[PDB]
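Content type PDB, C-alpha atoms and all ligand atoms, from the file protein_19.pdb:
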```pdb
ATOM      1  CA  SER A  17      67.400 150.562  80.781  1.00  0.00           C
ATOM      2  CA  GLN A  18      64.438 152.597  79.461  1.00  0.00           C
ATOM      3  CA  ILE A  19      66.417 154.829  77.055  1.00  0.00           C
ATOM      4  CA  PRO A  20      68.736 153.371  74.373  1.00  0.00           C
ATOM      5  CA  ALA A  21      72.453 153.711  75.153  1.00  0.00           C
ATOM      6  CA  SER A  22      73.109 155.489  71.834  1.00  0.00           C
ATOM      7  CA  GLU A  23      70.571 158.193  72.704  1.00  0.00           C
ATOM      8  CA  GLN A  24      72.120 158.656  76.211  1.00  0.00           C
ATOM      9  CA  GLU A  25      75.589 159.024  74.652  1.00  0.00           C
ATOM     10  CA  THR A  26      74.696 161.766  72.146  1.00  0.00           C
ATOM     11  CA  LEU A  27      76.261 165.261  72.423  1.00  0.00           C
ATOM     12  CA  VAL A  28      73.720 168.057  72.996  1.00  0.00           C
ATOM     13  CA  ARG A  29      73.868 171.837  73.476  1.00  0.00           C
ATOM     14  CA  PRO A  30      71.741 173.192  76.304  1.00  0.00           C
ATOM     15  CA  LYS A  31      69.654 176.373  75.766  1.00  0.00           C
ATOM     16  CA  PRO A  32      70.852 179.231  77.971  1.00  0.00           C
ATOM     17  CA  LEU A  33      68.712 178.654  81.085  1.00  0.00           C
ATOM     18  CA  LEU A  34      69.406 174.971  81.202  1.00  0.00           C
ATOM     19  CA  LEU A  35      73.131 175.894  80.890  1.00  0.00           C
ATOM     20  CA  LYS A  36      72.682 178.307  83.839  1.00  0.00           C
ATOM     21  CA  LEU A  37      71.297 175.391  85.884  1.00  0.00           C
ATOM     22  CA  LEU A  38      74.161 173.065  84.974  1.00  0.00           C
ATOM     23  CA  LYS A  39      76.807 175.716  85.618  1.00  0.00           C
ATOM     24  CA  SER A  40      75.367 176.471  89.054  1.00  0.00           C
ATOM     25  CA  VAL A  41      76.429 172.923  90.110  1.00  0.00           C
ATOM     26  CA  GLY A  42      79.886 173.099  88.627  1.00  0.00           C
ATOM     27  CA  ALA A  43      79.473 172.143  84.965  1.00  0.00           C
ATOM     28  CA  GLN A  44      82.057 174.069  82.888  1.00  0.00           C
ATOM     29  CA  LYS A  45      81.231 173.431  79.182  1.00  0.00           C
ATOM     30  CA  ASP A  46      78.710 174.391  76.508  1.00  0.00           C
ATOM     31  CA  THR A  47      78.015 170.803  75.250  1.00  0.00           C
ATOM     32  CA  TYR A  48      77.423 167.559  77.166  1.00  0.00           C
ATOM     33  CA  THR A  49      76.156 164.092  76.603  1.00  0.00           C
ATOM     34  CA  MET A  50      72.518 163.577  77.668  1.00  0.00           C
ATOM     35  CA  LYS A  51      73.925 161.280  80.395  1.00  0.00           C
ATOM     36  CA  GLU A  52      76.115 164.194  81.587  1.00  0.00           C
ATOM     37  CA  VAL A  53      73.169 166.619  81.576  1.00  0.00           C
ATOM     38  CA  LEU A  54      71.171 164.111  83.699  1.00  0.00           C
ATOM     39  CA  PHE A  55      74.040 163.725  86.108  1.00  0.00           C
ATOM     40  CA  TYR A  56      74.248 167.515  86.749  1.00  0.00           C
ATOM     41  CA  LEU A  57      70.415 167.845  86.922  1.00  0.00           C
ATOM     42  CA  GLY A  58      70.563 165.148  89.645  1.00  0.00           C
ATOM     43  CA  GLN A  59      73.289 167.149  91.444  1.00  0.00           C
ATOM     44  CA  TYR A  60      71.065 170.208  91.225  1.00  0.00           C
ATOM     45  CA  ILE A  61      67.980 168.359  92.509  1.00  0.00           C
ATOM     46  CA  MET A  62      69.889 166.937  95.466  1.00  0.00           C
ATOM     47  CA  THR A  63      71.529 170.327  96.211  1.00  0.00           C
ATOM     48  CA  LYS A  64      68.237 172.219  96.233  1.00  0.00           C
ATOM     49  CA  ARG A  65      66.460 169.344  98.111  1.00  0.00           C
ATOM     50  CA  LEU A  66      63.729 169.079  95.514  1.00  0.00           C
ATOM     51  CA  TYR A  67      62.550 165.811  97.027  1.00  0.00           C
ATOM     52  CA  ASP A  68      60.533 164.440  99.923  1.00  0.00           C
ATOM     53  CA  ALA A  69      60.761 161.374 102.045  1.00  0.00           C
ATOM     54  CA  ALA A  70      57.005 160.649 101.811  1.00  0.00           C
ATOM     55  CA  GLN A  71      57.252 160.245  97.964  1.00  0.00           C
ATOM     56  CA  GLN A  72      60.819 159.201  97.279  1.00  0.00           C
ATOM     57  CA  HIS A  73      60.687 158.945  93.537  1.00  0.00           C
ATOM     58  CA  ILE A  74      59.158 162.460  92.985  1.00  0.00           C
ATOM     59  CA  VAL A  75      61.107 165.572  92.175  1.00  0.00           C
ATOM     60  CA  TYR A  76      59.222 168.601  93.559  1.00  0.00           C
ATOM     61  CA  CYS A  77      60.351 171.421  91.293  1.00  0.00           C
ATOM     62  CA  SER A  78      57.582 173.990  91.705  1.00  0.00           C
ATOM     63  CA  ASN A  79      58.731 177.596  92.315  1.00  0.00           C
ATOM     64  CA  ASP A  80      62.212 176.603  90.961  1.00  0.00           C
ATOM     65  CA  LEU A  81      63.969 177.253  87.639  1.00  0.00           C
ATOM     66  CA  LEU A  82      63.873 173.497  87.019  1.00  0.00           C
ATOM     67  CA  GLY A  83      60.076 173.560  87.185  1.00  0.00           C
ATOM     68  CA  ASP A  84      59.980 176.519  84.788  1.00  0.00           C
ATOM     69  CA  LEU A  85      62.243 174.680  82.316  1.00  0.00           C
ATOM     70  CA  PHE A  86      60.413 171.386  82.501  1.00  0.00           C
ATOM     71  CA  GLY A  87      56.956 172.994  82.689  1.00  0.00           C
ATOM     72  CA  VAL A  88      55.699 170.899  85.578  1.00  0.00           C
ATOM     73  CA  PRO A  89      55.459 171.272  89.407  1.00  0.00           C
ATOM     74  CA  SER A  90      56.691 167.710  89.924  1.00  0.00           C
ATOM     75  CA  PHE A  91      57.679 164.560  88.050  1.00  0.00           C
ATOM     76  CA  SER A  92      58.660 160.918  88.648  1.00  0.00           C
ATOM     77  CA  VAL A  93      62.310 159.825  88.335  1.00  0.00           C
ATOM     78  CA  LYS A  94      61.010 156.455  86.999  1.00  0.00           C
ATOM     79  CA  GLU A  95      59.498 157.969  83.756  1.00  0.00           C
ATOM     80  CA  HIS A  96      62.686 158.338  81.733  1.00  0.00           C
ATOM     81  CA  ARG A  97      61.165 159.016  78.289  1.00  0.00           C
ATOM     82  CA  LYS A  98      59.088 161.819  79.827  1.00  0.00           C
ATOM     83  CA  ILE A  99      62.309 163.264  81.432  1.00  0.00           C
ATOM     84  CA  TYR A 100      64.175 163.054  78.107  1.00  0.00           C
ATOM     85  CA  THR A 101      61.291 164.888  76.372  1.00  0.00           C
ATOM     86  CA  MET A 102      61.394 167.611  79.044  1.00  0.00           C
ATOM     87  CA  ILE A 103      65.190 167.971  78.488  1.00  0.00           C
ATOM     88  CA  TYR A 104      64.755 168.029  74.682  1.00  0.00           C
ATOM     89  CA  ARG A 105      62.447 171.058  75.135  1.00  0.00           C
ATOM     90  CA  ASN A 106      65.606 172.755  76.658  1.00  0.00           C
ATOM     91  CA  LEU A 107      68.272 171.849  74.045  1.00  0.00           C
ATOM     92  CA  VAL A 108      69.229 173.944  71.062  1.00  0.00           C
TER      93      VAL A 108
HETATM   94  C1  LIG B   1      65.509 161.380  95.616  1.00  0.00           C
HETATM   95  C2  LIG B   1      64.956 161.204  94.207  1.00  0.00           C
HETATM   96  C3  LIG B   1      63.797 162.174  93.970  1.00  0.00           C
HETATM   97  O1  LIG B   1      64.396 159.886  94.060  1.00  0.00           O
HETATM   98  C4  LIG B   1      66.024 161.327  93.122  1.00  0.00           C
HETATM   99  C5  LIG B   1      66.653 162.545  92.854  1.00  0.00           C
HETATM  100  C6  LIG B   1      67.575 162.688  91.855  1.00  0.00           C
HETATM  101  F1  LIG B   1      68.174 163.875  91.670  1.00  0.00           F
HETATM  102  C7  LIG B   1      67.894 161.578  91.062  1.00  0.00           C
HETATM  103  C8  LIG B   1      67.267 160.374  91.299  1.00  0.00           C
HETATM  104  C9  LIG B   1      66.341 160.230  92.307  1.00  0.00           C
HETATM  105  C10 LIG B   1      67.745 159.392  90.320  1.00  0.00           C
HETATM  106  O2  LIG B   1      67.471 158.205  90.237  1.00  0.00           O
HETATM  107  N1  LIG B   1      68.581 160.061  89.492  1.00  0.00           N
HETATM  108  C11 LIG B   1      69.194 159.441  88.323  1.00  0.00           C
HETATM  109  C12 LIG B   1      68.406 159.502  87.039  1.00  0.00           C
HETATM  110  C13 LIG B   1      67.028 159.372  87.024  1.00  0.00           C
HETATM  111  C14 LIG B   1      66.365 159.446  85.812  1.00  0.00           C
HETATM  112  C15 LIG B   1      67.081 159.588  84.642  1.00  0.00           C
HETATM  113  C16 LIG B   1      66.397 159.662  83.372  1.00  0.00           C
HETATM  114  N2  LIG B   1      65.819 159.718  82.381  1.00  0.00           N
HETATM  115  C17 LIG B   1      68.468 159.697  84.743  1.00  0.00           C
HETATM  116  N3  LIG B   1      69.128 159.655  85.916  1.00  0.00           N
HETATM  117  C18 LIG B   1      68.745 161.443  89.824  1.00  0.00           C
HETATM  118  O3  LIG B   1      70.050 161.908  89.853  1.00  0.00           O
HETATM  119  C19 LIG B   1      70.884 161.139  90.782  1.00  0.00           C
HETATM  120  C20 LIG B   1      72.250 161.805  90.878  1.00  0.00           C
HETATM  121  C21 LIG B   1      73.031 161.843  89.571  1.00  0.00           C
HETATM  122  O4  LIG B   1      73.003 160.602  88.899  1.00  0.00           O
HETATM  123  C22 LIG B   1      73.032 161.585  92.134  1.00  0.00           C
HETATM  124  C23 LIG B   1      72.427 162.934  91.838  1.00  0.00           C
HETATM  125  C24 LIG B   1      68.091 162.313  88.713  1.00  0.00           C
HETATM  126  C25 LIG B   1      68.848 162.976  87.741  1.00  0.00           C
HETATM  127  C26 LIG B   1      68.242 163.783  86.777  1.00  0.00           C
HETATM  128  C27 LIG B   1      66.867 163.936  86.801  1.00  0.00           C
HETATM  129 CL1  LIG B   1      66.094 165.012  85.641  1.00  0.00          CL
HETATM  130  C28 LIG B   1      66.101 163.336  87.760  1.00  0.00           C
HETATM  131  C29 LIG B   1      66.712 162.516  88.708  1.00  0.00           C
END
```
For the structure just supplied, provide its representation as structure tokens.
Amino acid sequence: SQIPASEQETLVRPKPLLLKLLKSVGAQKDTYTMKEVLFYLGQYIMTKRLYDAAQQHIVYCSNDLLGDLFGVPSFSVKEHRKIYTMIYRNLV
């Protein structure tokens, strides 16, 4: 665990383009726990194949709405506080 359980559990409201992303992989609500947002972001990453076998912990999100939302061309799945901060930029 890198992120406290209580923080993972908290209900959040995605801004519209993050909601678009979540809805494109089957999410059907306006509010989610951060853990739920992360689950659907993972579904999106795996669906769009934003990964590479040579660097298995890197999400390659350039030229993708996810990259626009997070403001980076790539990031490491191991850096959870950095991921949370990128999500917070996208919550109401
Ligand atoms: C192959 C690759 C690049 O290594 C990869 C891709 C991937 F999509 C996931 C992982 C790894 C991984 O470990 N995940 C779980 C995770 C990672 C970090 C945090 C935080 N803070 C929370 N959860 C991901 O989702 C996994 C899954 C849903 O749980 C089945 C679809 C995931 C979710 C969301 C984000 Cl933003 C980033 C990553």
Picked residues, the PyMOL selection byres (((not hetatm)) within 7 of (chain B and resi 1)), expected as a list in words: residues 54, 55, 56, 57, 58, 59, 60, 61, 62, 67, 72, 73, 74, 75, 93, 94, 95, 96, 97, 99 and 100 of chain A
The PyMOL selection byres (((chain A and resi 88) around 10) and not hetatm) applied to the shown file, residues as a PyMOL selection string: chain A and resi 76-79+82-87+89-91+102
Option closest in space to residue 28 in chain A, from A:64, A:50, A:105, A:70 [counting all atoms listed in the file]: A:50
Around all the atoms of range 94-108 of chain A listed in the file, with 8 Å of room on each side, what axis-aligned box do you get, giving centre and edge lengths in Å to one decimal, as JSON?
```
{"center_x": 64.2, "center_y": 165.2, "center_z": 79.0, "size_x": 26.1, "size_y": 33.5, "size_z": 31.9}
```
Hits from the PyMOL selection byres (((chain A and resi 46) around 8) and not hetatm), listed as a list in words: residues 29, 30, 35, 44, 45, 47 and 48 of chain A
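Going from CA of residue 63 in chain A to CA of residue 34 in chain A covers 15.9 Å.
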Pick from A:53, A:69, A:18, A:92 nearest to residue 31 in chain A, counting only C-alpha atoms: A:53
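Picture a line from CA of residue 38 in chain A to CA of residue 71 in chain A; it runs 24.9 Å.
The gap separating CA of residue 43 in chain A from CA of residue 23 in chain A is 20.6 Å, in Å to one decimal.
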N, CA and C atoms for range 83-98 of chain A, written as a compact mmCIF listing (two decimals), in the coordinates of the input, could you do that?
```txt
# COMPACT_ATOMS: atom_id res chain seq x y z
N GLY A 83 61.49 173.69 87.51
CA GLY A 83 60.08 173.56 87.18
C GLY A 83 59.68 174.43 86.00
N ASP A 84 60.26 175.60 85.92
CA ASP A 84 59.98 176.52 84.79
C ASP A 84 60.46 175.91 83.48
N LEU A 85 61.67 175.33 83.50
CA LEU A 85 62.24 174.68 82.32
C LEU A 85 61.47 173.45 81.90
N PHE A 86 61.09 172.63 82.85
CA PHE A 86 60.41 171.39 82.50
C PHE A 86 58.91 171.57 82.35
N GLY A 87 58.36 172.68 82.82
CA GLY A 87 56.96 172.99 82.69
C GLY A 87 56.01 172.22 83.54
N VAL A 88 56.51 171.68 84.65
CA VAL A 88 55.70 170.90 85.58
C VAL A 88 56.07 171.24 87.03
N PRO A 89 55.15 171.07 87.98
CA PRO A 89 55.46 171.27 89.41
C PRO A 89 56.17 170.08 90.06
N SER A 90 56.06 168.91 89.44
CA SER A 90 56.69 167.71 89.92
C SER A 90 56.75 166.70 88.83
N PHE A 91 57.64 165.70 88.98
CA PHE A 91 57.68 164.56 88.05
C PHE A 91 58.34 163.36 88.70
N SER A 92 58.12 162.17 88.13
CA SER A 92 58.66 160.92 88.65
C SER A 92 60.00 160.60 88.02
N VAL A 93 60.99 160.24 88.82
CA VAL A 93 62.31 159.82 88.34
C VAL A 93 62.26 158.50 87.56
N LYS A 94 61.14 157.75 87.64
CA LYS A 94 61.01 156.46 87.00
C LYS A 94 60.59 156.58 85.53
N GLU A 95 60.10 157.76 85.09
CA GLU A 95 59.50 157.97 83.76
C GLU A 95 60.57 158.61 82.87
N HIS A 96 61.48 157.78 82.34
CA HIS A 96 62.69 158.34 81.73
C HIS A 96 62.36 158.96 80.41
N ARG A 97 61.51 158.35 79.57
CA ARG A 97 61.16 159.02 78.29
C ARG A 97 60.55 160.40 78.55
N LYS A 98 59.67 160.52 79.54
CA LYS A 98 59.09 161.82 79.83
C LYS A 98 60.17 162.84 80.23
```
